[PDB]
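In: Let's see this in three dimensions:
(4 chains)
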Amino acid sequence: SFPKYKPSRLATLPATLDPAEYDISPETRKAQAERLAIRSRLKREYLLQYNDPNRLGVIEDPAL
Amino acid sequence: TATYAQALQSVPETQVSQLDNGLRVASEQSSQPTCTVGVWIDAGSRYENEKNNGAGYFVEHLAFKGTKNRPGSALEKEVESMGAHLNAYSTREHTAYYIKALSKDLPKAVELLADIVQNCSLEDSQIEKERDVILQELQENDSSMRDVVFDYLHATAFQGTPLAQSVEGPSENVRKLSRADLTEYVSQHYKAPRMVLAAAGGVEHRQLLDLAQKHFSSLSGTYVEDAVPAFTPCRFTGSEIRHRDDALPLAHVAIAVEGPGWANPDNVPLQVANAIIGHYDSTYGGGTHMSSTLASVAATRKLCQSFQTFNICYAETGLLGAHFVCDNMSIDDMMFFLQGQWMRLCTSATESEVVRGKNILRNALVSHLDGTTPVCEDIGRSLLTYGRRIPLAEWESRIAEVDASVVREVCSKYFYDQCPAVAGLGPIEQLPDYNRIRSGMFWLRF
Amino acid sequence: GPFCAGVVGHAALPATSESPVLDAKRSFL
Amino acid sequence: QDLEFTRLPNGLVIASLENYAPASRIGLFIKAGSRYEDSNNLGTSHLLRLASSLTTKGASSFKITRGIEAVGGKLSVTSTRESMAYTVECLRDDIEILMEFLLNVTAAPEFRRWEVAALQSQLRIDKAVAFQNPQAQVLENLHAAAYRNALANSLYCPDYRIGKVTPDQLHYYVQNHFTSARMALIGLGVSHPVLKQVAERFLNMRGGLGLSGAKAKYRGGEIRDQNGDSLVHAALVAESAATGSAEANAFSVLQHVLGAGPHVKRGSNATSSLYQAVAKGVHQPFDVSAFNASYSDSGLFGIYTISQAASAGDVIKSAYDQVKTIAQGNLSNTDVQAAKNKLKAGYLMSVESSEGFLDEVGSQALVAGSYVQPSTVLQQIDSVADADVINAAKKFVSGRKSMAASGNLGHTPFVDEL
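Out: Residues are numbered from 1 along each chain as shown, chains lettered A, B, ... in the order given. Coordinates below:
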């Protein structure tokens, strides 16, 4: 029983010591799949614009 | 001239074997011509989330309503034609399907159990019919006061935790449930490592194992897309839920404190303590002369129609307390006497009552494990919870180790100065406010 | 289904037994 | 070991099976009950069943209760119309103490006036608890309507006799009906010689047959309660064979043919012929089963139905018509075989548990003296032919019928209409 690690605002709790990383449910996996889908769609669009030989200029990021 | 110890030694021993898929096949063999073979599944409401709560009850309802191999009438016809009795019970932590049948009919019973567990049709028309039936059964279960007060106890004690959910589930979930949700529940929770095939009576362990290899082998423990349900410890919250309905004739109150898990060794001394507290109903003949002080006072003053002490244990937490039905104007007195008995056991328990409690526990253990159905139930539940069927000799040794010092220690740990969880139903106005109830949990003298 | 109208008891359990009296699927229906 | 049966000279029957189990169960079965009550002492059997813990010559009420509780034992009194059974269950080591308590209760009761007066309220409490389920009252009225004599007496004390049961009546009932020729001491997990010793020790006195009840006479009446309950419980029965007769086995097979109890939870009772026959006519919540009661003098067979008040007539008529169809010869050999299997399995499952085995041994000892092995009982079941089942159905249809109904009863048919 080693002393536990008190997370703080400037010392976040590691994913390894996350009590929720070891309590997984089918819906959590579904949400992870959805997030991966979102990231994949965004990365696809960005790379499509980024590898275009015709493009000349900045790739306007709406998020920025 | 066999002695109790010799009789325990002569008890047939449970043999546990595991199929490669993870199904555990367990058997206790007796000379009886009748056998009870059942599949115990480690699935229940505690493994269900909010939206799919009650799916286990739905699946239990429609499991005997047909399979892909044999349609709905066919399963019932086979079971009745061989004379077998097919029954299922679903709890917050366990779900089981067991068949009482003749020993010569073991192969067919195993086939039917495998078909029910694996190849369940879940047909949509039957789904709608069972939906209607389950809504009606919820309305009926509203009438059963004991079940309601225990559900309230679980809701208030384990609030914010899956254990709070009822086995049947909210009516809204029942009407919103679909075939996809039931299929997903079966796929997620009915897995070979989480299932136990248990039998009792005239069953040969080799034959049972071979039948299991023949039929249950296809069932697999792999989770689709590695979506593995993860067990969650449940927090115990000291709370009070009062459904004040003065129209009801008698008041039901259930008060409990957090208890040990299934595997915790302190269960045995606590069971001895509860046996010391005892149980009373108005129909008991013993009355005033009954050893239990609470029972004696209740009989003398007609305080309560019935009072019983319960030790409900789950994997990591449990509800330890008592449930008593009493008149509207006797609730406060009965609560006072119950808490007084709790504190007396905690502080000044004596050897004689400890011996009485141990003897009562021994008799309950030996008497309950009588017949193929209870023996098979104990085998399955013990494999699921303890990971092993604790032999009666081990139970006797653990009971014998209990002494007054042990009872005082464990009762002080679990009952003294601990916030209780209280659920009340009916004319419960005289039920003391929670501050008074908590104050009763400790003695200013001690 | 005799449904012997049993009474809960300890140290005195009065049980009275009648003959098959149905009440089999009333909850189901 | 094997069951050992001994008929003592005083007429007592002692049976013991050493199961080598942790728990030992000893039961004294006495041929007394509501049947042997006359009109004057009605309900005495009920209070006698309740008065199992009252002060005895050997021990006081306090000693009996405290000792039985201290060893963790249980003392139970089980009463039928023709039988009363006193049983003690505990660990084998402490069986002697509970045996002494049991024989003190059975053979030397004191029935002190104050204790009986105190216990008289338990008569009403028990009656109310038992009558919560409508089945109890319906069957009480069914027995009252069917027979004009001994078997009509209720298992529960009549309301007018609640406070009127006297200690003298209890003493008279015990002396004249608790007798050695009427008793059988059945033990599980106890050696035969020990049981024999205890039987000589206490059960030597009060020998002889004792007072004999009159033969039950069929009355063919109807009792309709009109209690206003939503569902209507109605039972229509006709006289049948006494227990331990060929026609009795035929009637049991007929009961299983028609449908006795569902085997699959929340099922449709597909094998049960009555259930389907009613179900096709009535789509409302309903229930139906075959009522087979066998006693030493005579028996009753018939149909018990629970249905919506409005549809009670349809359900009763459909069940009666299905029995009529069986009587006319529309009975398949396969149905008979399936019913035989169900009955044999039911017998085996009943004798599986210790309580069931003790009860069966006691019932056989009291009714027939000797103990018949389960194999012979199964052979008797097999011996029943389809023609016997048809003849049993014909006897039920043709015979005069008695009916008890409880509920709204607005549409419940009278016996003449059926």
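In: Partner strands of the strand or helix carrying residue D:184 and their direction?
Out: Applying DSSP states H and E as the criterion places residue D:184 in strand D:183-188. Strand pairing for strand D:183-188, determined by DSSP bridges: strand D:13-17 (parallel), strand D:23-30 (antiparallel).
In: For the residue of chain C found nearest chain A, which non-adjacent residue is spatially closest?
Out: When scored by C-beta to the nearest C-beta, chain C has residue C:28 as its residue closest to chain A, at 31.9 Å. All C-beta spots, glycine's among them, are computed from the backbone N, C-alpha and C. Spatial nearest neighbour of residue C:28, excluding adjacent residues (C-beta to C-beta, 6 or more residues apart in numbering or on different chains): residue D:266 at 5.0 Å.
In: residue boundaries of the helices in chain D?
Out: Taking DSSP state H, the helices of chain D run over residues D:44-50, D:61-70, D:95-107, D:113-130, D:134-146, D:167-177, D:192-202, D:246-258, D:273-281, D:312-327, D:333-352, D:354-368, D:374-383, D:386-398.
In: Tell me who's in contact with residue 7.
Out: I'll assume chain A. With contacts defined as C-beta atoms under 8 Å, 6 or more residues apart in numbering or on different chains, the neighbours of residue A:7 are residue A:13.
In: if you could check chain D rather than the one you did, that'd help
Out: The contact partners of residue D:7, by C-beta under 8 Å, 6+ apart, come to D:13, D:369.
In: rerun that using 6 Å as the cut-off
Out: Applying C-beta atoms under 6 Å, 6 or more residues apart in numbering or on different chains, we find residue D:7 in contact with residue D:13.
In: and it, what are its bridge partners?
Out: residue D:13.
In: What separation do you get for it and chain B?
Out: Per C-beta to the nearest C-beta, to the nearest Å, residue D:7 is found 25 Å from chain B.
In: so how far is chain C from that residue?
Out: Relative to chain C, and taking C-beta to the nearest C-beta, residue D:7 is found at 26 Å.
In: With mean neighbour count added, can I get the strands paired with strand D:183-188 in a markdown table?
Out: Output for the strands paired with strand D:183-188, formatted as a markdown table (neighbours: other C-beta atoms under 10 Å in any protein chain shown):
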| stretch | mean neighbour count |
| --- | --- |
| strand D:13-17 | 24 |
| strand D:23-30 | 25 |
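In: Tally up the residues packed near the residue of chain C closest to chain A, please.
Out: Residue neighbour count, defined by other C-beta atoms under 10 Å in any protein chain shown, stands at 17 for residue C:28.
In: Same question for residue B:257.
Out: When neighbours are counted by other C-beta under 10 Å, residue B:257 comes out with 20.
In: Please apply the same query to the one 4 residues further on.
Out: Residue neighbour count, defined by other C-beta under 10 Å, stands at 15 for residue B:261.
In: wait, the residue of chain C closest to chain A sits on residue D:265?
Out: No - Residue C:28 sits out of contact with residue D:265 when judged by C-beta atoms under 6 Å, with a separation of 8.3 Å.
In: Return the residues of the stretch 201-350 of chain B in contact with chain C.
Out: B:281, B:283-286 (C-beta under 6 Å from any C-beta of the partner chain).
In: quick one, what contacts the closest residue to chain A within the stretch 251-400 of chain B?
Out: Of all residues in the stretch 251-400 of chain B, residue B:316 sits closest to chain A, at 13.0 Å by C-beta to the nearest C-beta. By C-beta under 6 Å, 6+ apart, residue B:316 lies in contact with B:233, B:261.
In: run the last query once more with 10 Å
Out: B:163, B:231-234, B:236, B:260-264 (C-beta atoms under 10 Å, 6 or more residues apart in numbering or on different chains).
In: sorry, back to before: dump the helices of chain D into a markdown table; add mean neighbour count and distance to residue B:244 as well.
Out: Shown next, in a markdown table, are the helices of chain D (neighbours: other C-beta atoms under 10 Å in any protein chain shown; distance: least, C-beta to C-beta, whole Å):
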| stretch | mean neighbour count | distance to residue B:244 |
| --- | --- | --- |
| helix D:44-50 | 26 | 36 |
| helix D:61-70 | 20 | 37 |
| helix D:95-107 | 21 | 45 |
| helix D:113-130 | 17 | 26 |
| helix D:134-146 | 25 | 30 |
| helix D:167-177 | 18 | 45 |
| helix D:192-202 | 16 | 55 |
| helix D:246-258 | 25 | 48 |
| helix D:273-281 | 20 | 42 |
| helix D:312-327 | 21 | 38 |
| helix D:333-352 | 20 | 45 |
| helix D:354-368 | 20 | 42 |
| helix D:374-383 | 14 | 55 |
| helix D:386-398 | 19 | 53 |
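In: Take the ones you listed and write them to CSV, including distance to residue B:225.
Out: Listed next are the helices of chain D as CSV, based on distance: least, C-beta to C-beta, whole Å:
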stretch, distance to residue B:225
helix D:44-50, 63
helix D:61-70, 58
helix D:95-107, 60
helix D:113-130, 55
helix D:134-146, 52
helix D:167-177, 74
helix D:192-202, 66
helix D:246-258, 50
helix D:273-281, 44
helix D:312-327, 52
helix D:333-352, 45
helix D:354-368, 50
helix D:374-383, 54
helix D:386-398, 58
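In: Which stretch among those helices approaches chain A most closely?
Out: Here helix D:273-281 is closest among the helices of chain D (C-beta to the nearest C-beta), at 40.0 Å.
In: which outside residues touch the closest one?
Out: By C-beta under 10 Å, 6+ apart, helix D:273-281 touches B:73, C:24-25, C:29, D:257-260, D:262, D:267-270, D:272, D:286-290, D:303-305, D:307, D:311, D:314-323, D:325-326, D:330-331, D:335, D:339.
In: Pull the distance from the strand holding residue D:184 to the chain's centre.
Out: Strand D:183-188 has its C-alpha centroid displaced from the chain centroid by 18 Å (C-alpha atoms, centre = their mean, to the nearest Å).
In: tilt between it and helix D:95-107?
Out: 160 degrees (axes from the mean of the first three to the mean of the last three C-alpha atoms, to 10 degrees).
In: which non-adjacent residue is nearest the closest residue to chain C within the stretch 301-446 of chain B?
Out: Closest residue of the stretch 301-446 of chain B to chain C, C-beta to the nearest C-beta: residue B:306 (7.5 Å). Leaving out its chain neighbours, the residue that sits closest to residue B:306 by C-beta to C-beta, 6+ apart is residue B:281, at 4.1 Å.
In: All the strands of chain B, residue numbers only.
Out: For chain B, the strands defined by DSSP state E occupy B:15-18, B:24-29, B:34-41, B:85-90, B:95-102, B:195-201, B:240-244, B:251-259, B:280-281, B:304-313, B:318-326, B:421-426.
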